[PDB]
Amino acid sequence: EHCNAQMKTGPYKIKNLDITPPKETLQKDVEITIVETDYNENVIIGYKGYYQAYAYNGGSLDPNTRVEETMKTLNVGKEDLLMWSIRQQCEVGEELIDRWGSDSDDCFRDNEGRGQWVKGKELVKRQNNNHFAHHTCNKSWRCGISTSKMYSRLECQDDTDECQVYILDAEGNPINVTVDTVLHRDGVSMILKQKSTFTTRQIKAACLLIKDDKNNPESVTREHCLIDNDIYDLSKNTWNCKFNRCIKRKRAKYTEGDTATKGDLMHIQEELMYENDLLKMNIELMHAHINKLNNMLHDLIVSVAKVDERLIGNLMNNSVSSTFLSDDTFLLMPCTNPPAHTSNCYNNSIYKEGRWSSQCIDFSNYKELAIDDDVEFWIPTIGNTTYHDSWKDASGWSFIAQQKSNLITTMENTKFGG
């Protein structure tokens, strides 16, 4: 307290800190529509066919000495296909081995394939022509039935809010498979067991809103919403559709079920690493600030303690009286007091410090004065996630792949039907 008076600077006033209105807003009870189908649908897959070798032996002289070979693949019709499913069995015609002479014609009798009921059956590539001056016939049948699964994809229109369940091939393209008409594709016959069925559900959900477009401080740049402890982006108010589900705030190749790459995982991993280090930086940046503030509160204490001998005791929550030596340093002595002071008189005529009989009140029943707000933080439990299969994993498509492969193998091992 010895100062140059000829240098008074001012007038001054303490700069209060900016209280910024939050750009991220929590909105409760946001109305949301969920539309969902079965992950996969039951598809009846059936195939049929025969390999035939009709031959005639007139010796080397005859131009009619030949072995005509055919491998017909047949379609299976709606009613048969259904029957096949019900029965977990498929129907073929009779196996004709070495039917020669006048029996050469058993071959042309049945081209639908009737009378044999098997679990399944594969061709045998049988052929012979060792009956001189005669025709020889061999005709082997193949057969297969499966009620397999194929992946659904739900889709809804923002125009009309109408939805449809698409059935996808191994590559993510929808395919025309219906309940009323058999589809013939990849050498096979396909029909739906069930008309594809969906369902809607209405909810009120908690959404985090973000308004960080400086030009449009009211435009909502991102919205994250809690659907059953799982987070979703619903910023765009178009229908949001993936796999078997569609969500909204009240035909080309689909792509979500494509196989993901290790490389994109690793980037998500780096993003996670980043988030962790981002958490640490900001937490510590906040830590440091508070500590600075804490220390200001210290400078406050030492100053006001020179007048208030019992303050340090209060702060430490233990009754002790302080005696200062400098502004900086001080001493402590133990104390304990009669705490039952509930009125403010005894035989009163301005008695105690800070100056303490209607001007004489008992304060047993008093109320808390709220001069502060507590902050409340919103960090809900998350992580109820679903994993979906890639589109190349459909049980139905591998079934189709299997019979295709089985045919390839049997049709290259020639058999003698004698």
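A residue's number is simply how far along the shown sequence it sits, counting from 1.
Visitor: From residue 250 to residue 251, how many deposited residues does the entry skip: none, 1 to 3, 4 to 9, or 10 or more?
Guide: A long stretch, 10 or more residues, is missing between them.
Visitor: Please count the deposited residues lying between residue 366 and residue 367 that the model leaves without coordinates, and give the class: none, 1 to 3, 4 to 9, or 10 or more.
Guide: Nothing is missing between them.
Visitor: Name the higher of the two by mean Cα B-factor in the PDB entry, 333 to 341 versus 210 to 218.
Guide: Higher mean C-alpha B-factor in the PDB entry: 333 to 341.
Visitor: According to the deposited model, is the average Cα temperature factor higher in 307 to 315 or in 237 to 245?
Guide: Looking at the record's C-alpha B-factors, the answer is 307 to 315.
Visitor: Which of these, 277, 284, 327, 223, has its C-alpha atom at the highest B-factor, as the entry lists it?
Guide: Highest C-alpha B-factor among the listed residues goes to 327.
Visitor: When the CA B-factors of 394, 407, 17, 401 are compared as recorded in the entry, which is the largest?
Guide: Of 394, 407, 17, 401, 17 has the highest C-alpha B-factor.
Visitor: Ordered by C-alpha B-factor within the chain, which third holds residue 93? Give me lowest, middle or highest, please.
Guide: Its C-alpha B-factor belongs to the middle third of this chain's values.
Visitor: What third of the chain does residue 383 rank in for C-alpha temperature factor, lowest, middle or highest?
Guide: Answer is middle: the recorded C-alpha B-factor places it there.
Visitor: Is the Cα B-factor recorded for residue 264 in the lowest, middle or highest third of its chain?
Guide: Answer is lowest: the recorded C-alpha B-factor places it there.
Visitor: Quick check on the deposited entry: does the C-alpha B-factor of residue 198 sit in the lowest, middle or highest third of its chain?
Guide: It falls in the middle third of the chain.
Visitor: Place residue 148 in the lowest, middle or highest third of its chain's C-alpha B-factors, as listed in the PDB entry.
Guide: Answer is lowest: the recorded C-alpha B-factor places it there.
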